[PDB]
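# Structural overview
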Number of protein chains: 2
Amino acid sequence: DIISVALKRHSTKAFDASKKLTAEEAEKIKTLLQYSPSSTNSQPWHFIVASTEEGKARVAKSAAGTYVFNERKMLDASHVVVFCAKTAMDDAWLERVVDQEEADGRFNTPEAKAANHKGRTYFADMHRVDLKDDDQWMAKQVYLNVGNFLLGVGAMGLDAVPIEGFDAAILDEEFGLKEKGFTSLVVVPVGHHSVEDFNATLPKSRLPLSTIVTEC
Amino acid sequence: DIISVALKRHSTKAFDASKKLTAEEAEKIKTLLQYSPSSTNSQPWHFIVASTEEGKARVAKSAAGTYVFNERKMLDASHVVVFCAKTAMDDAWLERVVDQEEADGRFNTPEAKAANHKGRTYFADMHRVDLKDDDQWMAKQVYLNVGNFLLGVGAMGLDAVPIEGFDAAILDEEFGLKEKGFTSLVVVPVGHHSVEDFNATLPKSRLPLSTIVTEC
Ligand SMILES: Cc1cc2nc3c(=O)[nH]c(=O)nc-3n(C[C@H](O)[C@H](O)[C@H](O)COP(=O)(O)O)c2cc1C
Ligand SMILES: Cc1cc2nc3c(=O)[nH]c(=O)nc-3n(C[C@H](O)[C@H](O)[C@H](O)COP(=O)(O)O)c2cc1C
């Protein structure tokens with residue numbers, strides 16, 4: 001049951017540094033990242049997956065100053081995922097997307113690919129040209145990917161914590177992501193909680209359905 | 001297996017208007033909405049769940065003009081979820097979150113409730129006062145709930161389609177959201193696909209791991 005997963009999953013505060021993902025688990029987490037939906041199948045994202053001790057330490061440099069209370073969550077977890085959004089929607093990306101969809105067998109005629117390209121360009125152009133918000137639109141898709149990921153890892157029986165408390169300017173410099181066209185948004189350390197994770201045994205808390213839902 | 005769900009779920013293009021969700025499935029989808037994580041447990045959201053023919057036709061008035069192609073997805077689904085974000089983060093909201101956490105038994109230490117509220121008001125004030133993007137930070141949390149939702153509903157064996165192609169100003173005017181401090185961002189019809197849902201038997205397409213993942 002997925003609902004039991006939803007009620008049991010928690011934001012891990014401390015990871016066991018001796019528990020690592022299997023090679024099968026490492027492959028499956030990467031499948032989850034790749035297969036999330038996105039508006040127009042635009043997939044405007046890049047992911048850093050750090051599993052080495054050198055790589056996690058480099059990600060862990062961004063939990064500087066005020067974000068030092070999240071550094072140990074990055075170093076003790078098995079795999080650390082960095083979710084990055086594209087910084088602008090370019091026309092090369094859109095043609096990369098429609099060429100992948102043709103290569104995957106989604107179009108039956110050249111008119112069906114041209115129709116799909118036109119339709120995606122129009123909605124990319126509403127954000128790029130009309131609203132001037134393509135940066136915010138692509139970042140919103142990366143957060144939907146985070147949502148998908150947290151539930152999926154929970155359903156695999158693993159522990160994780162979504163981190164917004166890190167320095168994105170520090171992280172983007174280290175991996176040289178502005179040169180590559182991307183910016184870091186959320187860091188998700190993945191592994192197994194330890195006995196020091198105080199949040200594992202505390203109750204879940206959410207606003208009641210009376211406040212947050214309207215039925216019509 | 002959750003990886004099977006991720007590879008099997010699709011964006012439905014046509015729903016079977018005779019197939020409805022059971023009362024148990026209706027309750028489970030509201031549990032999925034409420035239990036999604038969000039930064040600092042801010043839960044900066046409101047959900048409209050329309051299951052009646054009158055309710056769904058009111059949501060379908062936003063599938064206007066250029067967006068007429070999404071109208072039928074809203075009309076024939078069993079349940080239509082409107083994901084709304086708060087338009088500003090007020091102190092009143094943060095207080096009801098911390099009081100709910102208090103009632104749920106999260107702070108065994110009355111000094112920890114006060115410690116946690118001011119940390120939440122500190123990270124909410126870095127967006128509503130310092131960075132001035134409180135509306136984008138709260139919309140970001142609503143897309144994380146949408147990603148959580150779409151994988152969960154696929155894990156329950158239901159069909160859905162995330163919709164961005166709707167007129168949010170019509171949708172907000174129709175349900176008086178602007179005066180309640182909420183704005184609609186994503187519409188998600190849930191139900192069971194028709195025999196004429198062409199997308200159900202098309203192959204899934206995504207960019208390769210070689211483009212989207214960097215391993216470190
Ligand atoms: C976008 C996002 C960012 C978060 N950032 C942090 C963080 O920097 N550090 C942390 O300890 N937890 C962080 N969390 C945890 C939230 O406090 C948490 O999801 C929320 O309190 C609900 O608890 P649950 O995850 O255990 O269900 C973050 C969560 C989200 C969704
Ligand atoms: C945020 C968002 C908005 C979308 N808006 C629309 C829409 O307006 N109409 C539609 O038919 N599909 C829409 N979709 C479906 C996307 O085209 C689809 O998710 C994508 O092609 C990947 O296909 P899949 O969901 O079948 O895996 C949307 C998806 C997302 C995530």
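Residues numbered from 1 in each chain as written, not as in the entry; some residues may be left out. Chains lettered and ligands numbered in written order. Heavy atoms only, no water.

For this deposited structure, the header cites X-ray crystallography as the method used and 1.95 Å as the resolution.

## Focus on the packing of aromatic side chains
Summed over all chains, the structure comprises 12 aromatic pairs over all chains. The interplanar angle of 85 degrees and the centroid separation of 5.5 Å between the aromatic rings of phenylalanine 47 of chain B and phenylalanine 83 of chain B together place this pair among those described as edge-to-face. Taken together, the positions of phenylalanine 47 of chain B in strand β1 (residues 45-50) and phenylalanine 83 of chain B in strand β2 (residues 79-86) put the pair 36 residues apart, joining distant regions of the chain. Take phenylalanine 47 of chain B and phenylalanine 83 of chain B: they sit in the same class, and that class is buried. Geometrically, the ring pair formed by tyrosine 122 of chain B and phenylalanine 123 of chain B is edge-to-face, given 6.2 Å between the ring centres and 70 degrees between the ring planes. Judged by relative accessible area, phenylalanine 123 of chain B falls into the partly exposed class, the value being 39%. One aromatic cluster in this structure is built from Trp45, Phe47, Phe83 and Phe149 of chain A. The ring centre of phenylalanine 182 of chain A lies 5.7 Å from the NZ or CZ of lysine 86 of chain A, which sits over that ring. (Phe/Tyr/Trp six-rings, centres within 6.5 Å; stacked < 30°, edge-to-face > 60°. Helix = DSSP H or I, 4+ residues; strand = E, 2+ residues; numbered from the N terminus. Buried < 20%, exposed > 50% of the residue type's maximum accessible area, 1.4 Å probe, protein only. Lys NZ or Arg CZ within 6 Å of the ring centre and 35° of its normal.)

## Brief notes about the interface of chain B and chain A
Listed per partner, the contact involves 72 residues of chain B and 71 residues of chain A. Of the roughly 6,900 Å² buried between chain B and chain A, counting both surfaces, carbon and sulfur atoms make up 62%. Linking chain B with chain A are 4 salt bridges, by the criterion used here. With its nearest N and O atoms 2.5 Å apart, the salt bridge here joins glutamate 215 of chain B to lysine 30 of chain A. At the boundary of chain B with chain A, the tally comes to 48 residue pairs in polar contact. Sorting the residues of the side of chain B that touches chain A by element identifies α1 (2-8), α2 (23-34), β1, α5 (91-103), α7 (134-155), α10 (209-212) and β5 (213-215) of chain B as the ones contributing at least two each. Relative to β5 of chain B, strand β1 (residues 45-50) of chain A runs parallel, the two being bridged by 3 bridges. Bridge pairing in β5 of chain B links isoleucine 48 of chain A to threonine 214 of chain B. (Contact = heavy atoms within 4.5 Å. Buried area = accessible area lost by both parts, 1.4 Å probe. Salt bridge = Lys/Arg side-chain N within 4 Å of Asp/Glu carboxyl O. Polar contact = N/O pair within 3.5 Å; in protein donor to acceptor, adjacent residues only side chain to side chain. Pairing = 2+ DSSP bridges.)

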